[PDB]
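The structure appears right after this line, and notes come after that.
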Amino acid sequence: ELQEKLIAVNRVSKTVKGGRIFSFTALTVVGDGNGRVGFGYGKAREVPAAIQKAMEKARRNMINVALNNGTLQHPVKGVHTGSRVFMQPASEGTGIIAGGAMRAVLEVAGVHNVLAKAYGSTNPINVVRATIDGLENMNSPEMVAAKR
RNA sequence: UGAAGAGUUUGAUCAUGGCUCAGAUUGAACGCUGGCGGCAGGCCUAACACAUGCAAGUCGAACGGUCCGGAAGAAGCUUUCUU
């Protein structure tokens, strides 16, 4: 069934009036591997409490990547905040060559081969979004033909 | 078939910006730590000054002598001497 992947976890600390309250954050990637992905980022006092809460949010917000022979349709360049992400399809026998933040989202996405890179800001939280955003702008011939 | 950087300016944030960190190479070394074996390699600093040996000779089917070697003579032997 659905498969999860922990991108990264941050301690996170804020100076609240009365002392220091700690709240852990966590980036999770839920995906079956045949065309669906899900990014979640929830907070919690405990690490596991955030991990679980994150996976729940990731499964609530999923997208459908139109995979084609273990690859993507056309190249895309998503630009979230200061961060930037680019994607480019590649023939078989290539391998998911990209950042851990993107690869983890691509592996579960079902993508078998793809070339990518991060530009501008490289924030792990901003790159994942730019990644899922680019996976949305993705279109197929049937879509471009039907929508036209 | 080809592209994942990070740390440091704030009380905190973003932007700008310089510095800095692990990579490969160099006819080297010093500091402290030594067993062995293959292969490879050695003044990257004063073209600073240099002891000593060595770094080009070979031809007599070009021509007269000396040195080294062999053979044959005048002699009973030796000296000497000739071809």
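Within each chain, counting starts at residue 1; across the structure tokens, chains are named A, B, ... in the order shown, with ligands numbered 1 upward in that order.
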Enumerate, as a PyMOL selection string, the complete set of residues in range 28-68 of chain A that a backbone-based DSSP assignment places in strand (DSSP E). chain A and resi 28-30+36-44+62-64
Go ahead and save the picked residues with N, CA and C atoms, as a compact mmCIF listing (two decimals), in the first residue's frame.
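Now in selection.txt:
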```txt
# COMPACT_ATOMS: atom_id res chain seq x y z
N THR A 28 7.32 14.55 5.59
CA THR A 28 7.05 13.17 5.19
C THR A 28 6.56 13.10 3.75
N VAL A 29 6.84 11.98 3.09
CA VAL A 29 6.42 11.78 1.71
C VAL A 29 5.70 10.45 1.55
N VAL A 30 4.38 10.52 1.38
CA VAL A 30 3.57 9.32 1.21
C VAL A 30 3.28 9.08 -0.27
N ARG A 36 0.86 8.44 -7.57
CA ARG A 36 0.38 9.34 -6.52
C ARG A 36 1.45 9.70 -5.51
N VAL A 37 1.43 10.96 -5.07
CA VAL A 37 2.39 11.46 -4.09
C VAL A 37 1.66 12.26 -3.01
N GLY A 38 2.31 12.45 -1.87
CA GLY A 38 1.70 13.19 -0.79
C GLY A 38 2.73 13.78 0.16
N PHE A 39 2.76 15.10 0.26
CA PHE A 39 3.70 15.79 1.13
C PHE A 39 3.02 16.30 2.40
N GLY A 40 3.63 16.00 3.54
CA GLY A 40 3.08 16.43 4.81
C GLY A 40 4.14 17.07 5.69
N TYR A 41 3.76 18.10 6.43
CA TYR A 41 4.69 18.80 7.31
C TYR A 41 3.98 19.33 8.55
N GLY A 42 3.82 18.46 9.55
CA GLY A 42 3.16 18.86 10.78
C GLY A 42 4.12 18.99 11.94
N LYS A 43 3.73 19.76 12.95
CA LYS A 43 4.56 19.97 14.12
C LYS A 43 4.01 19.24 15.34
N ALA A 44 4.86 19.03 16.34
CA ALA A 44 4.47 18.34 17.56
C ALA A 44 5.60 18.41 18.59
N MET A 62 -2.77 14.90 -1.71
CA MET A 62 -2.04 14.11 -2.69
C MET A 62 -2.28 14.59 -4.12
N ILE A 63 -1.30 14.34 -4.99
CA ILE A 63 -1.40 14.73 -6.39
C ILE A 63 -1.25 13.51 -7.29
N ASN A 64 -1.64 13.65 -8.55
CA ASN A 64 -1.55 12.55 -9.50
C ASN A 64 -0.60 12.86 -10.65
```
List every residue of chain B that has an atom at most 7 Å from any atom of chain A, giving for each one its closest atom pair and the distance in Å to one decimal, counting only C-alpha atoms (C1' of nucleotides), sorted by chain and then by ascending residue number, as a tab-separated table.
```
residue	atom	partner	partner_atom	distance
B:1	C1'	A:94	CA	5.5
B:3	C1'	A:117	CA	6.1
B:4	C1'	A:99	CA	3.5
```
Write out, as a PDB file, in the first residue's frame, the residues just selected, with N, CA and C atoms (P, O5', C5', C4', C3', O3' and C1' of nucleotides).
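For reference, again.pdb as written:
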```pdb
ATOM      1  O5'   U B   1      22.762  11.502 -22.952  1.00  0.00           O
ATOM      2  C5'   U B   1      23.847  10.907 -22.237  1.00  0.00           C
ATOM      3  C4'   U B   1      23.506  10.666 -20.785  1.00  0.00           C
ATOM      4  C3'   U B   1      24.612  10.044 -19.946  1.00  0.00           C
ATOM      5  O3'   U B   1      25.471  11.066 -19.447  1.00  0.00           O
ATOM      6  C1'   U B   1      22.558   8.920 -19.544  1.00  0.00           C
ATOM      7  P     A B   3      25.124  14.123 -13.069  1.00  0.00           P
ATOM      8  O5'   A B   3      24.753  15.609 -12.623  1.00  0.00           O
ATOM      9  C5'   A B   3      25.624  16.355 -11.771  1.00  0.00           C
ATOM     10  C4'   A B   3      24.994  17.680 -11.395  1.00  0.00           C
ATOM     11  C3'   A B   3      23.557  17.620 -10.903  1.00  0.00           C
ATOM     12  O3'   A B   3      23.439  17.183  -9.542  1.00  0.00           O
ATOM     13  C1'   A B   3      23.785  19.376 -12.483  1.00  0.00           C
ATOM     14  P     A B   4      24.330  17.860  -8.380  1.00  0.00           P
ATOM     15  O5'   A B   4      23.399  17.771  -7.089  1.00  0.00           O
ATOM     16  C5'   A B   4      22.132  18.429  -7.064  1.00  0.00           C
ATOM     17  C4'   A B   4      21.540  18.400  -5.671  1.00  0.00           C
ATOM     18  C3'   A B   4      22.428  18.956  -4.564  1.00  0.00           C
ATOM     19  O3'   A B   4      22.223  20.369  -4.437  1.00  0.00           O
ATOM     20  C1'   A B   4      21.593  16.817  -3.952  1.00  0.00           C
TER      21        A B   4
END
```
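The shortest atom-to-atom distance to residue 56 in chain A, with only C-alpha atoms taken into account, belongs to A:27 out of A:27, A:111, A:143, A:105.
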Near residue 133 in chain A, within 10 Å and counting only C-alpha atoms (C1' of nucleotides), which residues show up once chain neighbours fewer than 5 positions away are dropped, as a PyMOL selection string? chain A and resi 63+76-80+85+127-128+138
Using C-alpha atoms, can you export the residues from the last selection as a compact mmCIF listing (two decimals), in the first residue's frame?
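Result file follows (selection-v8.txt):
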```txt
# COMPACT_ATOMS: atom_id res chain seq x y z
CA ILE A 63 -1.40 14.73 -6.39
CA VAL A 76 9.10 21.87 -15.70
CA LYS A 77 10.66 24.63 -13.59
CA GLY A 78 8.75 25.40 -10.41
CA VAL A 79 9.76 28.47 -8.41
CA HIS A 80 8.52 28.52 -4.82
CA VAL A 85 13.35 23.46 -8.94
CA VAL A 127 12.17 22.81 -2.24
CA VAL A 128 9.64 20.08 -1.46
CA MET A 138 2.52 18.47 -15.49
```
Using DSSP assignments from the backbone, pull out every residue in chain A that falls under helix (DSSP H, G or I) and give it to me as a PyMOL selection string. chain A and resi 47-60+100-107+124-134+141-146
Report the distance between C1' of residue 20 in chain B and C1' of residue 5 in chain B in Å, rounded to one decimal place.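 Separation of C1' of residue 20 in chain B and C1' of residue 5 in chain B: 13.3 Å.
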In terms of the shortest atom-to-atom distance over only C-alpha atoms (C1' of nucleotides), which of B:2, B:15, B:21, B:27 is closest to residue 42 in chain B? B:27
List as JSON, numbers by chain the protein and nucleic acid residues near residue 73 in chain B, meaning an atom at most 12 Å away when only C-alpha atoms (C1' of nucleotides) are counted, but skip any in the same chain fewer than 2 places from it. {"B": [71, 75, 81, 82, 83]}
